[PDB]
Structure formats: structure tokens, C-alpha cells
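According to my numbering, the first sequence is numbered sequentially starting from 6.
The C-beta atom is built at its ideal place from N, Cα and C for all residues, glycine as well.
Here is the structure we will look at, set down as C-alpha cells.
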Amino acid sequence: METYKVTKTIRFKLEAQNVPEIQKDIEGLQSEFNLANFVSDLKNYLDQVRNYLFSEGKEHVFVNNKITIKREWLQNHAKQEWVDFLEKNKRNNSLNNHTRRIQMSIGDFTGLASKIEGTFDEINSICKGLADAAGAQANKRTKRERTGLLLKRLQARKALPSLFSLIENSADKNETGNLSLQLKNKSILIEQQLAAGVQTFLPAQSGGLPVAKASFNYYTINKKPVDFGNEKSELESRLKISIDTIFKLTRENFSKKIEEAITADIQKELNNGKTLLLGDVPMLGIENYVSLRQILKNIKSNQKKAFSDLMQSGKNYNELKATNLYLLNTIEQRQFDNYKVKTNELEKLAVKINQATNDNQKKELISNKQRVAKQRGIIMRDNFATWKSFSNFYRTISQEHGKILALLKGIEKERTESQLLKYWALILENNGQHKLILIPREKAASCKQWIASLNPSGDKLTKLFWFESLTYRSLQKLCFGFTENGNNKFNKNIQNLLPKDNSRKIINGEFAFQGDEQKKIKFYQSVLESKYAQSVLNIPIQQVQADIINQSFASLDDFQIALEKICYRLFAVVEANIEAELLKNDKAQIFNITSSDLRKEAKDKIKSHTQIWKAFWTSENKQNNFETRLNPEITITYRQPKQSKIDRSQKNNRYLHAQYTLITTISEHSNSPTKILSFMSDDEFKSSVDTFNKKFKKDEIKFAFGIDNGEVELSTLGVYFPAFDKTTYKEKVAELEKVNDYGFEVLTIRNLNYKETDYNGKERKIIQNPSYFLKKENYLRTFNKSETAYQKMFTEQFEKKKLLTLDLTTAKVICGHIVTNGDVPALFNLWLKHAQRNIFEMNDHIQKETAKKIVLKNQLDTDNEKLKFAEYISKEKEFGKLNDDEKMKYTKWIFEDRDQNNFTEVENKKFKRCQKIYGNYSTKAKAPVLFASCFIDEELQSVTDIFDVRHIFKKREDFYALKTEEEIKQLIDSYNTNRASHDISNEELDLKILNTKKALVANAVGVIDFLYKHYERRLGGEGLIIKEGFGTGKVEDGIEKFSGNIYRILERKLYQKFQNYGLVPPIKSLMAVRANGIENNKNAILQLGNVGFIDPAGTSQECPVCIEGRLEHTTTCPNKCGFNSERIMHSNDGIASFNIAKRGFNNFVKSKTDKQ
RNA sequence: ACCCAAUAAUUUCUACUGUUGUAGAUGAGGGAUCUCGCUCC
């Protein structure tokens, strides 16, 4: 198996040596903000938008179908939808001319409306949250944090930005006023104020904030500035219009009366200093200027509506002549008669449709109605000469506006772009460490000229570095970059090379090639061959001449790949006093690259990240065409000190001072790129993924791991072997008993409460951090004891085991060892903060003073609450089918001991489909339960349950050595009764939760990785990883909305990890998976590389041997099959993983029945 | 002098914790048979 090409983000700490310049920007980034004003403006804006999108009709409030959308928006937010649309059109061959005047609208896209409505509702909810926050009376810091978080959430690339995009890229055919312009204008102010707010309230994000950008490639930086404002004004001047000249721009010879009517209508706005302009300029925030386009639109719409209303009323011809609809009152009485006849036909068809009794007949009537409507529209569009002329005129006008607009948009874009790339980048090496050097934009020419004159590389401890790289996209941006403005010097030079029209006109844009790969290939070949080009670009001419130029390719992909592959070079020079000279002459900025590790000579180990960076500079990596590559662009961020506590010194740490931070991108195994999968048509997806899987073979799978499914704390892991598949129960059980063979080593802490004292007189607890104990060196250094004492302590404290299964909850890796009980504090913290979160949520509701009364009863103790708990744990859809007696039986089943009632097989089967997950609630794990129904001391009747029931917490079996039993009850109870004294916001608690979850997954990842490696090495083959239930595809609603959903997190993380080894298909995000085929098929399997999924069939507690038996409370199977769990598995709860693995493997085998 | 009993060596988290610190984990779903326009539902 061979690795892919992979890209990882990387960070570093920066220390300032001399930063006089760069600092200026930071100074200039200061802004002002006002909370209340922002909230009010956002509320008003959101109020207005609804009138834009949503159409009338209380029966169904929904987004107008007929709304039009540009391709642009879709490509940034609706990838999948777009793709689907394309395929739909393409496949169907609804394109009998291979290029067309295409148009599209919302109603033309499947499911888009639901998406847009959801986004709008989410934004409204966030706005309400901000309003409440503003009106809040919390403590100062609390408030500040809350606000910050809210802003953060609001500002994400799933939010307001999206809406703005939508707005900016949409239009209405039937607008009557001028709302769209107002929304367009207000968008910019909202954006700027959001920016300001972010700036203000969030100066202490872990990543800091962007301040400047730099790149290594000389291509981009050398861009000289352009006086955009003057060109802006020049362009703007073209919109000036004289009222008399409006009709002189078209060939339509409108009647004098009609033209006078239009003039009067336009003159209606000739007042109050209003200035008439051809179009509209949002970019300049124009207001109090009237756009002719909009006026014509309005006139069109209004007269159309009036005419339709008149026909719907069946008024006479003479009455039409008396109307003011000058655009339509000029038609013939014959045309009016034909139109009225068609309208009467439509009325009859509608009456019949209302009289329709069958779907097919109604469909036929609707088709006839559509045909008649098309006939009416054809007649209207053909016969109405005045309408025609109006339309023509309108069209004439329209185009011009856009013309100018596009140019303006481009200019703006360009300006925005150029405002970023301030500095050219260089790296200096000295005494085994690296300094970062930035050169100002304006000195780049002299800097480049000077460097080229220096001597070549020399064997000395001082050196300088500078890159040069070429990529397909880079080249394309060079070639066709903003050619419209004529600012692209490069594009000028190459002009003679381009293809020509029939007219001999040079077509200065990519569309000239009409999608022919064979043409694009040849063109870039030529380009490269171009003498001019070679002057600006430094490239391996010798190699490329044969490898690129003088070659042919099957598809664009190969060319792309090749180009990307070869074009990468690195240079160095040496000279005395370079550091001084650069700062002296070119205003050079200097940074010191530093790390916690980089400083230390203890090369014992280093963080993962660090290894990459060090490996890059090694001599060997140079020979292999830089198997590790560094991207050409970088970012700089700044972070303010968070200091908000009273004085007494505390200690030195990060966050106590301002810090500069570096951002880069690095790649691995670049020599072997591959087409990265993304959102695609299902067919392509399936074909690709299946092709990848065939790389394996049936007989290469030596082993498999099962990951179980359960509640919030995660659950057990175990292995399976082919050999286990014996013929008889006796042989099976005998085989299984060979644990000594097939097993793996683990460690257990004998005593959680062990402790010792250091030379400092400070206590150390084993359960706080095993590391300080296990590791010989650490122990020695900390406690100065002898090696013999070390050995004695180790053998006394620690116990060894060999097992097939593991409790993954507490599992942790330490110094090449597996520890079952290694990490308690993490798990304790998770359960405690989950409990507080839910108690907070419950007390948040029932804000009205009647019977608030949470009771924390630790027991159900009453009916009508059991039912509600059952309701809470079960699926609605399945739950609805049960009768009250069935419900009761359900409850009993849930709560009652397994042997109390002889549940029928049908009852069991139906039950099993109800619950989300299984677990004991009476006798094993003693989880405390909440309800709030208690007005008065409880009674079987009354005491309405609608105040809800909730699953709070769990007692771990050791309690903990942490804290004390009495105090945990107190802590949890306190959290209900004493809300006020706890100074934490809901909106932040979620965040704090998330991380904890996030962190804890790490341990799991590590353990699985370790075991995988181990087994692989031992056996010399690849293994299968099986997980119960495909989760990522779900809704994730409610509490979960911002809580993580632990299994989802694991799902993604695990996948990510494996990606390195190249054992899974190159999927960029898991969301793309077409997981529909899994549901309800015990024999089914979904395969992704070596990773797979199976349905949750509820096989738990199923005997591994005899299948029939049930394992509840005894290590020995009650079915007398000879099976015993004592010697094999840590606990009976390991059993679920084993079954999972078995089943999965079996399925895997079966799938290749008709393929291998 | 007990309640706003909280915080705490890191590129950054999580446990811990003070001057050779220790354990595990760790990236970013944005690109050209164009662009911008007009009927009718």
C-alpha cells in the first residue's frame, strides 16, 4: 500500500527582533463598536429580508419559487445540488444545442428551499440570542465572554456571509418598490460593523487575528499598486444621464403620448435633489439617486398586474381603452377578443380541474391548462407591438448597466486582493536555527537584484534561502488574471499566442478553447516554450524541455500532475553580515522561529509536528525532489493578553503577554498525488470507491477489531480471528481458551489512592498522572530512589494481564504500555459537566414561578413518569404504534428484571426497535434520575408529568478516589439550588464541553493505533475495523446541536488518523458517503478501504458460542455450551464488541461472494 | 479573614504544574463551452 499526498496545517511561535513597520498595521486595525446599535440594525435588516424571500399566503409561508440565482452562489454553498442539477440536465440530454442561453431559478433545484429556510431560522435564533445577551444582567466578564462567543458563532462561514452572498446574487421579476437596493446597501454596513465587533470583543482567540500576508513566489508580490479611486470615478461618470436622452439610446419609435407618459412617470422623481442614473452602484453606497432600470421594472410590473386584473374581471373593450395602461390599451378588439376567449378556456379548465376526481384526469387537465397558458403567452408576446417595443427598450437599457457593473466589481475585487500581499518572504539559517525575514513590497526589485549577485552556496554556518515554485492554478492566474482592466502586464506579452475568431479578433479569455483539453495542453506547452516567460520564471529548463514540452498526455489530469510534480526548486547563498545588511538596506523585518522543543538538546523525542519541519531541511529530502514540500504562502497573526484577574504575581505562562503566531501548510509524499474525491454524483462515487476496495483480496485479512455502540461515555473494544470458526462447540471453546496465544498485554493500577512526596515537599498522586511513576527516568529524578527500589515499586504497584477485549473509556497509552484505568479525571469531568449542563437546561425552562421543583429522586417510584422516561428513550415513529397496555408492558420490560415476566418473542422484537440504545436501569449501574412534576408530595394520580424526566449522571463502581461520596451528591444538588453563585453562561459551557469530548477521543485513537500496529507487525497482514452504526448522517438536534455527539467525533478523528497510512480511499470529508444502503439488512456491509460499517441489529448479550443463550450475570453461559468469560474477557460487557467483529467479518466475506 | 471554594510551564488542546518540565493527540469541503442581459409559467 502506497501513501497519498496529504496536507497539514502547521503553527509556530514568533518572537520580534525588529518590527517597526508591521506594527503599524496592528495600530491601524483599531476600531469602534456599539452593541445596542448593532443589535437594532441587525433586527431591522432581518425583518426586511423576510419580505424579500418569503411570498404571501398564510396557509404556506415559503420561499418564492420564481426567484433567480446566479451560478456563483451555488458553487460556494450548494455544491451537491449543483452537481445533481447538472447531471439531471446532462444525462437527460436536455441540451440538443451544445451551447444555449441558459437561465435558472430556485424552484428548479430539489430541496433548496428547505435549506434556505433552515439557514434563515438559524440566523434569526442567533440574533435573538444576541438581543437577550445585550439585555442580560450577568457579571461583566461573563457578559463579555458570552458576547464574544455569540459573535464568533455568528461570523462563521455558514451564516451571515452566506445570506449576504445570496442577496448580492439574486433578483426578482415582479418587484414593485426598491427593497433590493436597500438590502444591498445595508449589507456593507452590517458587514463592517460585524468586523468591528469581532475585533473588539474577541482579541484572545487561541489563533489570534490576521494582520498581514506574505508569499515566497516572486510572481504575486511584485504587483505594483494602481490608483483605483481615480479609475473608479472615471467608470462611475458613465452612469450620468440626461432625462431627454433616455429614448435617444434605442431604435424604438414610441408614440408621443406614450413617451410623454413615461417622461411624466420618471419626472415623478424629479424632485428633492434626486439625481437620475442609468443603473445602480451598491459599491459606492449610492442613495437618493433613482435608477432608471428600477423605474422601468416598476412600470412593467404594475401595468402587467393591472391588465391581468382587468382580464380576470372580464371587462369590456371600451373600458380597456379608458384605462391608463398605455402599454397595453392599444391592442385591437380582435386581439382582446382572442385573449378573452383564451381566458374563458382557462376558466373552464380550472373549473373542470376543481371538478376532477382522478389523478390522471387532473394531470391531463393541468397539461391542457399549461398548453393554453403557453398559447396565451405566445399571443401576448407576438401580437402586442407596444409591449414588444417596451420590452426591447428595456432590454437595451438593461445590458448597459451590467456592463459597467461588472467592471466596477472587478476593480473592487482587484483592490481588495492587492491590499493583502504586503511582503516578500525569505528564510535565514544560523547555528542550527532558522529566522524568518519579510521584505516590504516596494523594495522587492532591488532586493531581488542584489541577491542574484551573491556567491553560490558555501560550507558555512550562515546561509540564506529563497524558493520558486510553479503550479497549474498559479500559471492560469498569471495568464488570465484580471485581463479586463488591462493591468496584467504578463497577459500583454503573450497576446500573439492566443486563438483568433473568424473576424481575426484575439479572444483574450479561457472560453476561447470551448473545453477542448487537447487545445489547453498545447497552449500551456507553447506558453512555457515562450522565450518571454522563461525570463520571468526560473524553472528547470533542461528537465522540463523533455518532460513537459516535448510530450503528450491523455487528459488534463496527467499534465497537471506532472507539472505539479517537477516544478519545485530551492536555492541558497552565503555571505558575511547578511543579517545586518538586509535590515540596513531593505527595511527587512526579522522574526525568530522558536518552540518549546526546538530550544532543548534532549533529542529523546519530539512532537509529531516538529518532526516534519526538521525532516524538511535534511539533506536527503533534497535528492528525492523534496518528498516533503512547503507551500508558497504564509499568514501572520497577533494575540492580546487575556489578563482579567486581580493581582500576588501568579507565574509566567502563555496568555500573560502578547504573542505573534505563524501559519503555514506542508505536504507529504508529494511524488504520488491522486485525484481527491469531493461532492459528486452517486454513480461516480460508487464506482471510484469500489475500484479502491478491489486493491485488497479476501485472503489478506488476518484479523478484525469491533468497536461497540452505547451512551455518552463511549464503550468496549475487542478482536476476532478466522481460526475461531471451528466445527463444534467443544472445539470452539477449546480454541478460545488459547488466550495466551492470541491475546495482548495490558497494565492495571492496583491502588488508585497511592501517593508519595517529592524533594520539594509536595504530594504526588498516581491517579493524577501515572507518567511520573511508570517512566524510570522521571521516577529517579523526582524521588532520587535507587533502581532496585524502582523495580520493587513497579512490580508491587502494577499488574500484568492478557486479554481479548478492553474497556475503551479509561484506556490510555503510556510509554509503550496500555493502561485500563489510566485516565479517570477526564471521564469524571465529562460526566460532572454533562450533569450540570442538563440541570441548567431544565431550570432554564419553567421560568414561570408555579411548581419549578426539580427533586433528583434517584428512583422512579411512580407510574406516569416511567411512561414519560420510556417516551424519552424511544423512537417516536415506533412508539406511536404501541397501545397503552403495550406501553405498560414496555415500561415493565425496561425496568423489571429480565425474568419477572415471560415476554413473547413478538413483544421482544417490537421492543428492540423502540429504544435508541440498551442498558440496565434498576439493578447494575444506579444512574440518578430527575423529574420536575412535583407541585406537592407525590401521588400516583395527578402530579402531571409534562414538567419532564431526565437521565442525569452515573456512579462509577469505584466511586472515585477523587473527592468524596457525600460531596458529589452535594455538588450536584448545589448546582440546582444555587444557580446564582455559579458564574457561567450557557453559551460557553457548551464550548467547554466540546473540548473535553474532543480531547478524550485522542486516547481512544492512540490505543487503536497502537494495537493495530502491534497486530499488523505480529501477523504481517491488514485488518478490518468494524463500527456499529453509521452516525454522521443523522440530524444531531437538540442539546446535541452544540455538544458534539461523541461517536460522530470519533468517527471523523479515527478516519483522519488512518488516512496517513493510505488504507482508506482519499475522501476529503465523510459527509459525501451514500449510506442509504445499510439500513435494515443484517447481512449488509458498507466498505470504505479497510474500514466498514454494519447495522445495529442488537446482538448484544448473545452467546458467542451457542448463539441461543443469554449472558446476564454469570461468566458461564446458562445454555450449558461450556463457554466461560472469566479467563478471556475483562467483563461480560466486552461481549458486545466480539459479536460485532464476528458479524462484520462474516459480512465482509459474504460481500465478495459474487466478486472474488 | 468560606465565597465572584477556578487557574494554573505548551504551535494548540486535555491531565499535571515551576525552570533540562512529563504523557497522549493535533486541518482547514473556495474556481471557468464566460460574462450580463429579454418575453412566457
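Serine 220 - partner residues in DSSP beta bridges
Translated into positions along the first sequence, residue 220 becomes position 215. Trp429, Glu638.
Would you identify the three-state DSSP class for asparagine 1065, choosing helix, strand or coil?
For this step, residue 1065 is matched to residue 1060 along the first sequence. If DSSP states are grouped into helix, strand and coil, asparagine 1065 belongs with the helices.
Contiguous beta strand (DSSP E) assignments of at least 3 residues, all confined to the stretch 914 to 993
934 to 936, 954 to 956
Please classify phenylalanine 1063 as buried or exposed, where buried requires at least 16 other C-beta atoms within 10 Å of its C-beta.
Indexing the first sequence from 1 puts residue 1063 at position 1058. Classification of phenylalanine 1063: buried, given that the 10 Å Cβ count is 16 or more.
Look at the Cβ atom of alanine 709, then the Cβ atom of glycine 1149, and state whether they are nearer than 8 Å.
In the first sequence, residue 709 corresponds to position 704, counting from 1. In the first sequence, residue 1149 corresponds to position 1144, counting from 1. Their beta carbons are under 8 Å apart, which means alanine 709 touches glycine 1149 by this criterion.
Determine contact between the stretch 191 to 204 and the stretch 388 to 403, defined as no fewer than three beta-carbon pairs at a distance below 8 Å.
no
Check each candidate in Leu809, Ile712, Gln187, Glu61 and name the one with the smallest Cα separation from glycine 290.
Sequence index remark: in the first sequence, residue 290 carries index 285 (1-based). Among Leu809, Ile712, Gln187, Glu61, the Cα nearest to that of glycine 290 belongs to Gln187.
Rounded separation between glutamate 736 and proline 727 - CA only:
Within the first sequence, the letter at position 731 stands for residue 736. Within the first sequence, the letter at position 722 stands for residue 727. In a straight line, the C-alpha of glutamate 736 is about 14 Å away from that of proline 727.
Is DSSP giving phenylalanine 596 helix, strand or coil here?
Along the first sequence, read from residue 1 onward, the residue named residue 596 stands at position 591. Note: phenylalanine 596 maps to strand in three-state DSSP.
Output the distance between the C-alpha atoms of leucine 281 and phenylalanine 1047, rounded to the nearest integer angstrom.
Here residue 281 refers to the residue found at position 276 when the first sequence is read from its first residue. Here residue 1047 refers to the residue found at position 1042 when the first sequence is read from its first residue. So the alpha carbons of these two residues sit roughly 50 Å apart.
For the 8 Å Cβ check, are there 3 or more pairs between the stretch 910 to 925 and the stretch 829 to 842?
no
Quick one, are the C-beta atoms of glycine 1067 and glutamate 705 less than 8 Å apart?
As a working mapping, residue 1067 is identified with position 1062 in the first sequence. As a working mapping, residue 705 is identified with position 700 in the first sequence. No, they are not a contact pair.
Reduced DSSP category for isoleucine 409 - H, G, I as helix; E, B as strand; rest coil
Translated into the one-based positions of the first sequence, residue 409 becomes position 404. Reduced to three states, the DSSP call for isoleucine 409 is helix.
According to DSSP, what are the bridge partners of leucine 469?
Within the first sequence, the letter at position 464 stands for residue 469. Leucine 469 pairs with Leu433, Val578.
Using DSSP bridges, identify the partner residues of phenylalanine 169.
Taking the first residue of the first sequence as 1, we reach residue 169 at position 164. For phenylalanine 169, which the question treats as bridged, DSSP gives no partner whatsoever.
Would the beta-carbon of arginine 1115 fall within 8 Å of that of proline 1109?
Along the first sequence, read from residue 1 onward, the residue named residue 1115 stands at position 1110. Along the first sequence, read from residue 1 onward, the residue named residue 1109 stands at position 1104. Not a contact, by the Cβ cut-off of 8 Å.
Taking the alpha carbon of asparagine 69 as the reference point, which residue from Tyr784, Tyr725, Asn388, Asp113 has its own alpha carbon closest?
Mapped onto the first sequence, residue 69 falls at position 64. The residue with the shortest Cα to Cα distance from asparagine 69 is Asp113.
First and last residue of the uninterrupted beta strand (DSSP E) at residue 1164:
What is shown of the chain runs 6 to 1161, which leaves residue 1164 out entirely.
Own chain, CB closer than 8 Å to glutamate 264, minus 5 neighbours either side, in chain order
In the first sequence, residue 264 corresponds to position 259, counting from 1. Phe252, listed in sequence order.
Keeping to the same chain, check which residues put their C-beta closer than 8 Å to that of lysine 75; ignore five residues upstream and five downstream.
The residue labelled residue 75 in the question sits at position 70 within the first sequence. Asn174, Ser175.
So is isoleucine 107 buried or exposed if we call it buried at 16+ other beta carbons inside 10 Å?
On the first sequence, residue 107 is found 102 positions in, with the first residue counted as 1. Classification of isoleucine 107: exposed, given that the 10 Å Cβ count is below 16.
Check whether the stretch 626 to 636 and the stretch 489 to 497 are in contact - that is, three or more C-beta pairs closer than 8 Å.
no
Per-residue DSSP class, three states only, for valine 818
As a first step, residue 818 must be located in the first sequence, where it is residue number 813. DSSP places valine 818 in strand when its eight states are reduced to three.
Residue ranges of each beta strand (DSSP E) run of no fewer than 3 residues wholly in the stretch 149 to 220, ordered along the chain?
214 to 220
Which same chain residues end up closer than 8 Å to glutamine 864 when comparing Cβ atoms and leaving out the 5 residues on each side of it in sequence?
In the first sequence, residue 864 corresponds to position 859, counting from 1. Excluding sequence neighbours, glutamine 864 sits near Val934.
With DSSP as the reference, identify every bridge partner of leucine 1093, one or two as the case may be.
Counting from 1 along the first sequence, the entry for residue 1093 is found at position 1088. Per DSSP, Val1096.
Identify the continuous alpha helix (DSSP H) that holds residue 3 and give its terminal residues.
The first residue shown for the chain is 6 and the last is 1161, placing residue 3 beyond what the model contains.
Counting Cβ pairs, one atom from each stretch, are 3 or more of them under 8 Å apart for the stretch 980 to 998 and the stretch 783 to 798?
no
Extent of the continuous alpha helix (DSSP H) run through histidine 839
To locate residue 839, count along the first sequence from 1; it is residue 834. Run containing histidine 839: 830 to 849, per the alpha helix (DSSP H) assignment.
According to DSSP, is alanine 794 helix, strand or coil?
Position 789 of the first sequence, counting from 1, holds the residue named residue 794. Helix at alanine 794.
Measuring alpha carbon to alpha carbon, tell me which residue in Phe398, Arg96, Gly62, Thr8 is nearest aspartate 688.
Taking the first residue of the first sequence as 1, we reach residue 688 at position 683. Minimum Cα distance to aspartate 688 is reached at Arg96.
When you compare the CB positions of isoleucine 859 and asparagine 981, do they come within less than 8 Å of one another, or not?
Counting from one through the first sequence, the residue named residue 859 turns up at place 854. Counting from one through the first sequence, the residue named residue 981 turns up at place 976. Yes, Cβ-Cβ distance for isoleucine 859 and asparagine 981 is below 8 Å.
Proximity of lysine 10 and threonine 679 at Cβ, strictly below 8 Å
In the first sequence, residue 10 corresponds to position 5, counting from 1. In the first sequence, residue 679 corresponds to position 674, counting from 1. In this structure, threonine 679 lies closer than 8 Å to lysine 10 by Cβ.
Would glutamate 1033 and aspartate 713 qualify as a contact pair, given that the criterion is a beta-carbon distance under 8 Å?
The sequence position of residue 1033 within the first sequence is 1028, counting from 1. The sequence position of residue 713 within the first sequence is 708, counting from 1. Yes, Cβ-Cβ distance for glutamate 1033 and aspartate 713 is below 8 Å.
Check whether the Cβ atoms of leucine 945 and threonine 867 lie closer than 8 Å to each other.
As a working mapping, residue 945 is identified with position 940 in the first sequence. As a working mapping, residue 867 is identified with position 862 in the first sequence. In contact: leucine 945 and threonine 867 (Cβ atoms closer than 8 Å).
Under the three-state DSSP convention, the category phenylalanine 389 falls into
On the first sequence, position 384 is the one that residue 389 refers to. Three-state result, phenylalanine 389: coil.
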